6 protein chains.
Amino acid sequence: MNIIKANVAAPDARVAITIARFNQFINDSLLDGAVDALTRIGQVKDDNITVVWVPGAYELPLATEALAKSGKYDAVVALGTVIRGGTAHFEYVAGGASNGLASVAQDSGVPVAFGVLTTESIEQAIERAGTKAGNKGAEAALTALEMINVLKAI
Amino acid sequence: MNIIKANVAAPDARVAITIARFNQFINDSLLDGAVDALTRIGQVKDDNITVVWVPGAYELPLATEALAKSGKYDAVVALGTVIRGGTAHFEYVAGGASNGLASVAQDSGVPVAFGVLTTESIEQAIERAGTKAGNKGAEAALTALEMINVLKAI
Amino acid sequence: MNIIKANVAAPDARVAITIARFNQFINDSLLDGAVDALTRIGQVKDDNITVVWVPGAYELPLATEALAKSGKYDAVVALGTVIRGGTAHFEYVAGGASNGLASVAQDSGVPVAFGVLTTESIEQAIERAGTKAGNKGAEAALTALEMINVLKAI
Amino acid sequence: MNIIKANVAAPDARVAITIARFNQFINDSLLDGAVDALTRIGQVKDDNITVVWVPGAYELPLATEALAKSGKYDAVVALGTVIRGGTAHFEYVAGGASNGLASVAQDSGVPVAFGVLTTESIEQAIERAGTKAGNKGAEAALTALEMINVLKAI
Amino acid sequence: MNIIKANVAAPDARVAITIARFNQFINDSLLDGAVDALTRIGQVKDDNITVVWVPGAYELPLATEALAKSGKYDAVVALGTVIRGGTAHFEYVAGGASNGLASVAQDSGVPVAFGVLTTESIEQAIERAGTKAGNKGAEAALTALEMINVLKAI
Amino acid sequence: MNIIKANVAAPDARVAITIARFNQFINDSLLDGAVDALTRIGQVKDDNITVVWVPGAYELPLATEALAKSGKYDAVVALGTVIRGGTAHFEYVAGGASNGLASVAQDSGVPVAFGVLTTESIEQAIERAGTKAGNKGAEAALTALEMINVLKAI
């Protein structure tokens, strides 16, 4: 009975990170984690890493869509934070972002890593941006790499 | 390691704004903000700015879809307010509006700026229409411009 | 009837930022915002940007006074955080800082941007240092540039 | 992009300390901290350190003004404690003291360090006079030195 | 009666920093503080500063032990954060870390600076990583330098 | 200024895992995580992985001590669970185990990874054995590898 377990190391890869600058106070750490992950762990040569700042998290799809359709990249890591406010604006951003990104991956066949924090408080976001609950940035980066290989293995 | 940071200035652009006239009391300020942003900040020549009033916010997609498929515009800024009422009508308007718009952008490759307020009270809308919490109109306008360049940079 | 609306782009400008290192955990993001604002948005060439770290926020005036009297700069952005403690020390720091800076601008005719957080909690400061409520750093930077032009227009 | 970070060491400096004798039980430790800071850390030769006792904290300005107009000193450290009492006397002392001092620095161009405790209780003053919350004396002394260099660097 | 007061300036020194990457969101500021302290204050030439990232805070001892036994360094600054969780895991990490480090110093005769935050909340860690309660990174760095001299003075 | 960041890949390594069979219901997943980590991520050839079952978690030290003194291994990963009961037996097990292990590492210079759960409830242990809070097994395994390299880099 045959099995596929992939590895996160994948040096000959070219990876794109899309970050939202809104909330960058958090997103910065989110990046640091991802970049480090990519290079130090997945052996990515850091001139194959390209980083694209879009303004809001809402833009992440369009941006990563471009990058995937480009064919220039083996996977896109999508980094952002969306913290809930007084209105249901939170709902539609994080929604049209989750689904936007998921769609892009499904059509382009390129892995997209969902490294978007969707919290209730600034507190929680800090917790997932490189503290108690690890670093969703580095985590999304890793799941990106593994995915490259997982796919490549078919 | 290469990076893309875009700028909001983009004078040779032609931009389309779609506004819902329902709730115009708020949407009017939403516009003023956007228009000013576009011209004063993004250097847009104001005969490249075209403004399209549709009746409800629910119509924003169809209207912007037309504009994007037209190819005549580099980006569409979508302006509107949807305040929660006694029924779940609020849900389906803001929903089919967030997703409608998000889709149009994804297919047309044209950036669509989601400057649609989705509040609980008239109070909250006023807060986001050019007071305490800035002006989502001008903000959506800016994210539109930055996106033009962000894309252009690939 | 004649009107003056200025723009935030002003590339041939030389700008000075004064930062307090006390509370730098927050002030760092405050900076990043401002710097990015200046260059990416206001087209400032980054060797016309000079950054001066003073120890406490209380020192911001004297420091920016020097810079303005110097005439070497078109405007000074003042960055710092002052969080309220158990004593009224908070009052006199933020006071002697608001008024110190405001005075310097008034005598030197050089614009001084008041990008000093004055919060009740660490929580609030984080909110204004590049999260929910934007980035008072980049905001102060922008109001600086706009001012340059607003003045220049007379 | 050019930056100014200063150092606290500045041996060839001549510094003046003005202390209020009222509340000396606290102010004494306030001094010790400062003096030690100055010499041991900032390398100040202790015959360039001069110490001036005024009676109340209210007098700190006039005294430091003299010293700064004198030109004999590179900076003045102002040490004192003002604890809140039953009346609003507390308000006018700490007020006319914060602003007096701040003004002197602004006109004389000489750095003045605001090492005046402004507490609600004797308890709080003890906390900032060389216990849990460090020593505002030595802290004011250091911010003085750093300022000397920060200025000198323009 | 003879006395030893040391200074924090010690330029001809070679210093090693060991940081835990877990919780780096905080540890990053912890570092910045220390590095700045070292160079700007203690006059350390920044090619004599070496920085070693270990994964967990639990590893700090072993890593600093190596560095001290090496003899290549005059002191090691140990930076990390340990925030309390739902289990007593917190106890054994911070414990085996405090004692690990303390032991290494005692055997190697090399100063080891304990700049490890041991808090109850993310909130508290932020407070000690360069805000209200200063920067334990820079503070640990300073106590490192002073120690070098304190020892050297016997 | 020179820096050491290590990688978790280290294929030519020979690693020993010590597991306590008490509580194996949890420890089993703890292992699976570690083993997978080692091979799949750190490229360890799985005949260089040796696994040693000791009865209680209290024994983990003695067992790993032997293994490290043996010199046959580059690092030992210590896996086990200690859940708090009605008595303070919990205290002495987890204590004599944290310190035992930490000591072994310090004397043998071999890295020892502390992958011992120290929880209050069975619930919490399950959370850290490959669910919400990841898998301390695989985490301990990774910190082992990274350590090998971190040390090798001096």
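Section: the overall build of chain A
Tallying secondary structure elements over chain A gives five helices and six strands in all. Counting from the amino terminus, helix and strand elements in chain A follow one another as β-α-β-α-β-α-β-α-β-β-α. Taken over the C-alpha trace, chain A has a radius of gyration of 15 Å; the compact-globule value for 154 residues is 15 Å, and the two agree within 12%. In chain A, the share of contacts with a sequence separation of at least 24, taken over all contacts with a separation of at least 6, comes to 79%.

Things to note about a nonpolar patch on the surface
All names here are of chain A. Taken together, the side chains of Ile4, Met147, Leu151 and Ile154 present a nonpolar region at the surface, about 420 Å² in accessible area. Within the fold, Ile154 resides in the segment after α5 (136–152). You can call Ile154 exposed: its relative accessible area is 85%.

Looking at unusual backbone geometry
Positioned with a positive phi, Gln43 of chain A is a non-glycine residue whose angle comes to about 65°. Structurally, the position occupied by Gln43 of chain A is in the loop between α1 (24–41) and β2 (49–54). On the basis of relative accessible area, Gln43 of chain A is assigned to the partly exposed category, the value being 36%. For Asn23 of chain F, which is not a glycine, the phi torsion comes out positive at approximately 80°. By secondary structure assignment, the location of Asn23 of chain F is in the loop between β2 (15–20) and α1 (24–41). Taking relative accessible area as the criterion, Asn23 of chain F reaches 26% and is therefore assigned partly exposed.

Observations regarding the interface of chain E and chain F
Often, the extent of an interface is quoted as the loss of accessible area on bringing the components together. Each partner contributes to the interface: chain E provides 28 residues, whereas chain F provides 34 residues. Summed over both partners, the interface of chain E with chain F comes to about 2,600 Å²; 58% of that surface belongs to carbon and sulfur atoms. Broken down residue by residue, the surface that chain E buries against chain F is led by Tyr58, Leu62 and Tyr92 of chain E, which jointly contribute 26%. There are one salt bridge connecting chain E and chain F. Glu146 of chain F is the partner of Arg21 of chain E in a salt bridge, and the nearest nitrogen-oxygen pair spans 2.9 Å.

Quick word on the interface of chain B and chain A
At the interface, 33 residues of chain B touch 27 residues of chain A. Both faces considered, chain B and chain A share a buried interface measuring about 2,500 Å² in area, 58% of it formed by carbon and sulfur atoms. Three residues stand out in chain B for area buried against chain A, namely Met1, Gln106 and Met147 of chain B, and they jointly supply 24% of the buried area on that side. In this assembly, chain B and chain A are joined by one salt bridge. Within the residue set of the side of chain B that touches chain A, elements represented by two or more residues are β1 (2–4), α3 (89–108), β5 (112–119), α4 (122–128) and α5 (136–152) of chain B. Here the element with the most residues in the side of chain B that touches chain A is α3 of chain B; it accounts for nine residues. Across the side of chain B that touches chain A, the residue classes tally to 17 nonpolar, nine polar and seven charged. Judged from the three bridges that link them, β2 of chain A and β1 of chain B form a sheet pairing that is parallel.

A closer look at the sheet that holds strand β2 (residues 49–54) of chain E
Strand order in the open sheet formed by five strands is β4(E)-β3(E)-β1(E)-β2(E)-β1(F), and the pairing between neighbours is parallel. On the outer flanks of this sheet lie β4 (112–119) of chain E together with β1 (2–4) of chain F, each paired with one strand and no other. For this sheet, the mean angle separating the axes of adjacent strands, direction not counted, is 15°. Its contacts with the sheet place helix α5 (residues 136–152) of chain E against β1 (15–20), β3 (75–83) and β4 of chain E, and it is angled at close to 155° to β4 of chain E.

Remarks on the sheet that holds β5 of chain B
Residue and element names in this part refer to chain B. As summarised here, the arrangement of the four strands in space is β3-β2-β4-β5, forming an open sheet in which the pairing is parallel. The sheet terminates laterally at β3 (49–54) and β5, the two strands that pair on one side only. Neighbour-to-neighbour, the strand axes of this sheet turn through a mean angle of 15°, independent of strand direction. Bridge count for strand β2 (residues 15–20) against strand β4 (residues 75–83) is five bridges, and the pairing is parallel. When the bridges of β4 are listed, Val15 appears paired with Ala75. Packed onto the sheet, helix α2 (residues 60–69) meets β2, β3, β4 and β5 and runs at close to 165° relative to β2.

Details of the packing of α1 of chain A against helix α1 (residues 24–42) of chain E
In the contact formed by α1 of chain A and α1 of chain E, the axes pass within 10 Å of each other and the chain directions differ by 95°. Between α1 of chain A and α1 of chain E, the angle is such that the two are roughly perpendicular. For the pair formed by α1 of chain A and α1 of chain E, the contact residues are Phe25, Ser29, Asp32 and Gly33 of chain A on the first element and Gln24, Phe25 and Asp28 of chain E on the second. When its residues are assigned to classes, the contact of α1 of chain A with α1 of chain E shows two nonpolar, three polar and two charged.

Comments concerning the UniProt feature "active site" in chain A
All names here are of chain A. The UniProt feature table records "active site" at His89. Take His89: it is sitting in helix α3 (residues 89–108). The class for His89 is partly exposed, based on a relative accessible area of 25%.

Brief notes about the arrangement of the chains
There is a clear gap between chain A and chain D: no contact, and 21 Å between their nearest C-alpha atoms. One finds no contact linking chain B with chain D; the least C-alpha distance across the pair is 17 Å.

Describing the relation of the copies chain E and chain F
For the pair chain E and chain F, the superposition axis carries a translation of 0.0 Å, the fit reaches an RMSD of 0.0 Å, and the rotation angle comes to 72°. With respect to symmetry, the two chain copies, as superposed, fit the operation of a five-fold axis.

Conventions we followed
- Residues numbered from 1 in each chain as written, not as in the entry; some residues may be left out.
- Chains lettered and ligands numbered in written order.
- Part of a larger assembly, values for the part shown.
- Heavy atoms only, no water.
- Residues with missing side-chain atoms left out of burial classes, pairs and counts.
- Helix = DSSP H or I, 4+ residues; strand = E, 2+ residues; numbered from the N terminus.
- Rg over C-alpha atoms; globule rule 2.2 N^0.38 Å.
- Contact = heavy atoms within 4.5 Å.
- Patch = residues over 30% accessible without salt bridge, like charges linked within 9 Å, V, L, I, M, F, W, Y side chains within 5 Å.
- Areas by Shrake-Rupley, 256 points an atom, 1.4 Å probe, with all protein chains shown as cover.
- Salt bridge = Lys/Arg side-chain N within 4 Å of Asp/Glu carboxyl O.
- Buried < 20%, exposed > 50% of the residue type's maximum accessible area, 1.4 Å probe, protein only.
- Buried area = accessible area lost by both parts, 1.4 Å probe.
- Nonpolar A, V, L, I, M, F, W, Y, C, P; charged D, E, K, R; others polar.
- Pairing = 2+ DSSP bridges.
- Axes fitted to C-alpha atoms, helices over the stretch in contact; angles between N-to-C directions.
- Parallel < 35°, antiparallel > 145°, perpendicular 65-115°, else oblique.
- UniProt positions renumbered as here; feature names shortened; annotations may be inferred.
- Least-squares fit on C-alpha atoms.

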